[PDB]
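Student: Starting off with a structure, shown below.
Each value in this text was obtained by applying a stated rule to the coordinates, not by laboratory testing. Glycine also receives a Cβ, built like all others from the backbone with ideal geometry; neighbour counts cover every protein chain displayed.
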Amino acid sequence: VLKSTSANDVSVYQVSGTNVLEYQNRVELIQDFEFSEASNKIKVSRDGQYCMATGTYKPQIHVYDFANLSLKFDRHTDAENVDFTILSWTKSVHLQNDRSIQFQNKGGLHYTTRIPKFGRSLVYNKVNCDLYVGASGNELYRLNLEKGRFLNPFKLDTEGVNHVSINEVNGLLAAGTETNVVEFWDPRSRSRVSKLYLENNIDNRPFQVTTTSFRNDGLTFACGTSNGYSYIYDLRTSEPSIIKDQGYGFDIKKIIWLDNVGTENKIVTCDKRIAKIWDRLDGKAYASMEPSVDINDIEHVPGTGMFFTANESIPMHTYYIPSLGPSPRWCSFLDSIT
Amino acid sequence: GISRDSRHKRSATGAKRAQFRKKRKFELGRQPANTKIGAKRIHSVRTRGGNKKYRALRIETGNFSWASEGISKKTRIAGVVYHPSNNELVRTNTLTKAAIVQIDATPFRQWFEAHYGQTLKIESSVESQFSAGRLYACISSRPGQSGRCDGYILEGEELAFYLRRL
Amino acid sequence: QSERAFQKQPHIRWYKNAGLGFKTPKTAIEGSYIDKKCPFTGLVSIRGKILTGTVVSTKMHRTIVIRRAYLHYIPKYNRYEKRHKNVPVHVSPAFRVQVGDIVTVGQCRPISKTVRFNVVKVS
Amino acid sequence: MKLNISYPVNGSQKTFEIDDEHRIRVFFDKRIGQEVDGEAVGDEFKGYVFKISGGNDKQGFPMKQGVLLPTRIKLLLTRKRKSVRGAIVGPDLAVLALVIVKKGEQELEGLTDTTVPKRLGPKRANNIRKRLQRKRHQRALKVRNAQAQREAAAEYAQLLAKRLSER
Amino acid sequence: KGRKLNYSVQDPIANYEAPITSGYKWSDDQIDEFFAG
Amino acid sequence: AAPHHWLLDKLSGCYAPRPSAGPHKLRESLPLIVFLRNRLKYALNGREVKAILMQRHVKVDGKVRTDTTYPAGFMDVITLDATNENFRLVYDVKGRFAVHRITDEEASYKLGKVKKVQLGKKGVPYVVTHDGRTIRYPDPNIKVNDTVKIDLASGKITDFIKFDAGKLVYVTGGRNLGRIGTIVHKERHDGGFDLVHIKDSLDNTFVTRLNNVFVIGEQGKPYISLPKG
RNA sequence: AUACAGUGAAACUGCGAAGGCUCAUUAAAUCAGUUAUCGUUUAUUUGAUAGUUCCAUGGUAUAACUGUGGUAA
RNA sequence: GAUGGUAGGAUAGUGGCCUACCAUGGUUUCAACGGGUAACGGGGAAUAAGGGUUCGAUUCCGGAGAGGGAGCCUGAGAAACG
């Protein structure tokens, strides 16, 4: 029975923590989950297995098979990564800290291309297949996987963009800039539709929006900042918002929904040290997930109540919530041990 | 990294038809470890016999040197504002050689009050940081090769030499 | 004389001497020029061999393109076809070398992809 | 199933071929380290407690302590892809290993009432409980090495001083 | 600006993926009557 | 598969003995197997030259150094205990290793060209030679290409021969390899063909390098004895 | 020779193998010599080369080995 | 990256070897760059033979490969015939 941290009348558990008789009652879930002293970015594929965790020094790819509970390989890529996506299964696209883009396959490293300026984010379009890559400046580029061309790059404002995302059920391209404007483009028209401005009441310094998200209803939009302040948005009276100051507030990097499992209207926010979870329409914290080290980013596995972080320590932490949901079919005795 | 050879590229004459060779062991380009701020973790890599190389990634305890007396004392790291060997490197806030990074200068306050008595001859635009706490200082040591963060403080001429820039 | 960042300075105003029959001008001993790769103050040390010839182009800065015609005793068609050679070379604070200007250079420590020679003399 | 049982302090171990799997079903879905009672595996051994310690299944494959997933999975061990059964015990174990840490209500003429001794007493001095001439010679050679080298070094440094005075 | 923004056509990505016909589960009329304002 | 310097007859074998590492280079030395076995013929094969090396008759440079492929280079005095064999081996006029026989007061020393003088660590002047005898503390006026005289009982420099115009020089290297006569000319260039030039029977002239030449004495008085014909 | 004492299957150890075939056609860029590395790595060869001490000897944890076993292996 | 400059990365270190910024350079009719084989032949690559005058001794054709590309590891030395 794994120990649980104190919270607001709710329980969470960590597996593979910094502390995790213990040697002979080990509770290790995924073997060889440890990197070279940090972690870049972890995400779980669309199907029921094959999670991918990017590397730290001699950076790797680290695909874990969930139905084998261990590592498959580690393709030591050429440069250090910041952002990537997964395109179903075996294909995936990455971009590194330099302005280069790798295409991993089953054989690995299908191509290495580049963008003219230093990039910061990448997303893929399921409809007509053009990956949009956000970079520094006036420049939000396309690499269409149909015919391998380049497209007429989207003209931005001065400094650039920290995050780009497209909406799923209808395709509304977000681009979180530096000057508080969110710069919604249309993936149909290749033109702007709106230049929504973000406001507060504290106004410490001119914050920059760093996280953008949507969900599968296509009506709301989750917004971030460089200050530790979550925001919600709708088309219904789109000028105000609801806001969420966080108790430490450095830079929120991961805001993701719970739009496919039970216990609805709930959202996860995540800044550099803490990751919390709260409810819509009130703004009150359901739980929080305080680790012993900082967080590079997180992810949430679909269908069930578990979370996978990428942090600055040697292992990665997984966080199980036995009130948000169960443990999945490949982890189907976590509810028997704890 | 990849390589160190002229065979993949053109010389001062403009030649072609390269198709040369499988690349050897001694063209070894390791990955660029952009050293950042964190908890102190140095990877001990091997090369050329027992030539251990300290590859620092998350170093903090910078030994930065008081210039006019040469007093290399221990402090922390804040962030680099200007380094146009890559203008995105200061956007991402890494820590490489010859960068100008900010330091909470509290042990330099301790040394001044310890070997001079009073608190505050030294320049005014660094006396402002003597009062406030954060002074500018440039890294000398190589954390990607020697694994260390040493540096020198900014005192007057070199201060304005960077402040007029950015 | 400071158009770039990162503390443009000598690396330990500073002054040294390679010796071996090549003078150091007084501005290159005590002057405001940095002498990063000019061998009189410099960081490089001298070695090797010393070559002499006139120039073709000095278009870019820190690029002295020497020409070097030399005699070779051809036995094939029993006449001397005339030689020509080229070598890029870094500047020195002693002479703005224009077209003509037979000068000599000493071998040291590859600076760019193709330069091992730096000017030590003008006459 | 077969049950290997070990009484460690007496040094006894024996296997018992127990059929009739509703006796066996007490161990089911209990991973390695979690204890058990004698009451639901048997009646003739009541008040018994066994810490399980793994077991090879049919096809001989071992379980390593505490992973998950009581089917077989392919891990990386002492690094190559070896097949290893999960730590949780289910219906398809051939042998299952047990350590009895408390005798209950019946003596066993294999485990309790019969025992083996140990191997042999200790060999080291501190293990039996729980040179000086070399100490002479080491110190003497060390002070002689000092009185040779650190005097000879200055003895040719003074010859450098003679060359410098004459130069 | 040499390697900066080569507007060329590249070989392995020309058929790396394949499009989808219906795509968005909404209609384009639903787009227009979604963000008229 | 042989060099020219060893005076090695061709009707010997197929594999030639590579010398092992040691004081001198590979290209300027002869090992003990090609010395003893097939030049002055104290052996007949490798087995018995290894047998006498295990018996330890050889006393090159005053130490035993029992090895078959030990690279005896220039003027290492090979000393053999039985029949008091003292052999100083120098270069002849056509490139080979002429092994002259000397006596005990001459084999009590050798000489060596100085290569570099260093302020290495902790204020210690420093000198190396072609066998690499790092001996302590010479005078400050040791230039390059001068000649120290090693003690061969301890290692100290006993005498010193200054390199200047008017000194008796030995040339080991290039197309002048192994000539004596040292005076027609002096010419120090600035990077190549720089030397002191050597006479002949009709006092002809010759060109070499600085590092390919090294001094052995004076005009008529070298304290090395030399063979004749 | 009542704490060791020779033969010695099988195990740890030191080392051994210390350089072998086929396939598509590179014009001083494959090659040979040479200059240099105070521009650099180096096992082995060789010569050299170490000065900080307040109120009789340090700890469990693994083998080989026994013993209980699984699996067609 | 064509040519160089400044700084960093990586290096065993020199090095546009790689990246940021900047300048528009550099080779060539005194043969750039490009065209092929008796490049299974040639270049001393070397031994020469007391009459064979381009037969007549050899190192090397180019780089790879251990089923196929990819990634990693070991060592004084490797992108290992193990």
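Student: When N counts the residues of segment F:1-105, how does its alpha-carbon radius of gyration compare numerically with 2.2 N^0.38 Å, as a ratio? Intermediate values should be presented prior to the final figure.
Tutor: Numbers: Rg = 12.9 Å, N = 105, 2.2 N^0.38 = 12.9 Å.
Expressed relative to 2.2 N^0.38 Å, the Cα Rg reads 1.00.
Student: Would you mind checking the radius of gyration and Dmax of the protein assembly as shown based on alpha-carbon positions, in Å?
Tutor: 40.5, 122
Student: Can you tell me the relative contact order of segment F:1-105? Whole percent, Cα pairs under 8 Å, sequence separation 6 or more. Kindly include the intermediate steps, with their values, before the conclusion.
Tutor: On the way: 167 pairs, mean separation 25.8, N = 105.
Reported relative contact order: 25 percent.
Student: Let me have the relative contact order for segment F:154-199, percent, based on Cα pairs under 8 Å that are six or more residues apart.
Tutor: Relative contact order comes out at 27 percent.
Student: Further, regarding this structure: Amide H of F:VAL58 versus every other amide H placed in the peptide plane: which residues, excluding those fewer than 5 positions away on the same chain, fall under 5 Å?
Tutor: none
Student: Only helical DSSP H runs with n ≥ 4 go in: add -39500 (n - 2.57) per run for the protein assembly as shown, normalise by residue count and round the 222 nm mean residue ellipticity to 500 deg cm²/dmol.
Tutor: Values: 12 runs with 102 residues, N = 1060.
It comes out at -2500 deg cm²/dmol, rounded to the nearest 500.
Student: A further question on this structure: Based on the inverse mean of 1/r over its pairs of different Cα atoms, what is the Kirkwood hydrodynamic radius of segment F:63-148, in Å? Working shown, then result.
Tutor: Working: mean 1/r = 0.0669 Å⁻¹.
Kirkwood radius, segment F:63-148: 14.9 Å.
Student: Between the DSSP loop rule and a limit of at most 11 other Cβ atoms within 10 Å, which trypsin sites (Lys or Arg not before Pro) in segment F:1-46 are left? Don't skip to the answer; put the middle values down first.
Tutor: Working: sites: F:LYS10, F:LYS25, F:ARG27, F:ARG37, F:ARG39, F:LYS41; in loops: F:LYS10, F:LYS25, F:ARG37, F:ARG39, F:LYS41.
Those that pass, being in a loop and sparsely packed, are F:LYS10, F:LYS41.
Student: If you take the Cα Rg of chain A and divide it by 2.2 N^0.38 Å, with N the number of residues, what do you get? Before the final figure, lay out each step's value.
Tutor: Values: Rg = 19.7 Å, N = 338, 2.2 N^0.38 = 20.1 Å.
With N residues counted in chain A, Rg over 2.2 N^0.38 Å equals 0.98.
Student: Each residue of segment A:196-213 in order: what ³J(HN,Hα) in whole Hz does its phi give by Karplus 6.51 cos²θ - 1.76 cosθ + 1.60, θ = phi - 60°, with x for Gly and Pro?
Tutor: Along segment A:196-213, the couplings run 4, 9, 9, 10, 8, 10, 8, 6, 4, 9, x, 4, 10, 6, 10, 10, 10, 7 Hz.
Student: Give the distance, in whole Å, between the Cα centre of segment D:8-36 and the Cα centre of segment D:136-157.
Tutor: Distance between centres, Cα-based: 70 Å.
Student: Find the centroid of the Cα atoms in segment A:206-264 and in segment B:4-53, then give the distance between the two in whole Å.
Tutor: 43
Student: Can you list the residues, at least 5 places off or on another chain, whose amide H is less than 5 Å from the amide H of F:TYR126, using H built in the peptide plane?
Tutor: It is F:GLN118, F:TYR137, by chain and number.
Student: Still on this structure, please answer the following. Would you work out the relative contact order for chain F, in percent, from Cα pairs under 8 angstrom that are 6 or more residues apart? Display every interim value, and only then the final one.
Tutor: Values: 453 pairs, mean separation 28.9, N = 229.
So the answer I get is 13 percent.
Student: Under 10 °C and 1.306 mPa s, how fast does chain B diffuse according to Stokes-Einstein, given a Kirkwood radius computed over C-alpha pairs? Answer in µm²/s, whole number.
Tutor: Values: Rh = 18.4 Å.
The estimated diffusion coefficient comes to 86 µm²/s.
Student: Compute the distance in nm between two label points, each set 7 Å from the Cα along the Cα-to-Cβ direction, one at D:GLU39 and one at A:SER323.
Tutor: 3.3
Student: Enter the mean number of other protein chain beta carbons within 10 Å of the beta carbon of each residue in A:66-73, as an integer. Walk me through the numbers before you get to the answer.
Tutor: Working: counts 1, 4, 6, 8, 8, 4, 2, 0.
Counting Cβ atoms of other protein chains within 10 Å of each residue's Cβ and averaging gives 4.
Student: Can I ask one more? Residues of B:78-88, mean number of Cβ from any other protein chain within 10 Å of their own Cβ, rounded to a whole number? Intermediate results must be reported in sequence, preceding the final value.
Tutor: Working: counts 0, 0, 0, 0, 2, 2, 3, 2, 3, 2, 10.
Averaged over the peptide's residues, the number is 2.
Student: Taking each residue of A:56-63 in turn, how many C-beta atoms of other protein chains fall within 10 Å of its C-beta, and what is the average? It would help to have the intermediate numbers written out before the result.
Tutor: Numbers: counts 5, 9, 6, 2, 0, 0, 0, 0.
Average per residue, whole number: 3.
Student: Which value in nm describes the separation of the simple spin-label points at B:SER128 and C:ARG96, placed 7 Å from the Cα toward the beta carbon?
Tutor: Output for this residue pair reads 4.0 nm.
Student: In whole angstrom, and with the biggest value first, how far do the Cα coordinates of chain C range along each principal axis?
Tutor: Sorted largest first, the three principal extents are 58, 30, 26 Å.
Student: Using θ = phi - 60° and the Karplus relation 6.51 cos²θ - 1.76 cosθ + 1.60, list the HN-Hα couplings for segment F:129-143 in order, rounded to whole Hz, with x at every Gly or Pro.
Tutor: 9, 6, 8, x, 6, 6, 9, 7, 6, x, 6, x, 8, 7, 7
Student: Moving to a separate point now. Relative to a virtual label point 7 Å from the Cα of B:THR119 in the Cα→beta-carbon direction, which members of segment B:68-83 show backbone nitrogen distances below 20 Å?
Tutor: B:74-76
Student: Mind pulling the per residue volume of the convex hull built on the Cα atoms of chain D? Å³ is fine. Show your work: numbers first, answer last.
Tutor: On the way: hull volume 40.1 nm³, N = 167.
Dividing the Cα hull volume of chain D by its residues yields 240 Å³.
Student: Right, another one. Measure nothing fancy, just the Cα-based angle from helix F:46-55's long axis to the longest principal axis of chain F, in degrees from 0 to 90, nearest 10.
Tutor: Around 80 degrees separate the two axes.
Student: Right, another one. Would you grab the residues whose amide H sits under 5 Å from the one on A:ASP65? Only those 5+ places off in sequence or on another chain, please, with H modelled 1.01 Å from N.
Tutor: A:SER70, A:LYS72
Student: Please list 3J(HN,Hα) in residue order for segment F:107-115, calculated via the Karplus relation 6.51 cos²θ - 1.76 cosθ + 1.60 where θ = phi - 60°; whole Hz, with x for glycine and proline.
Tutor: Once rounded to whole Hz, the list reads 7, 6, 8, 9, 10, x, 6, 6, 9.
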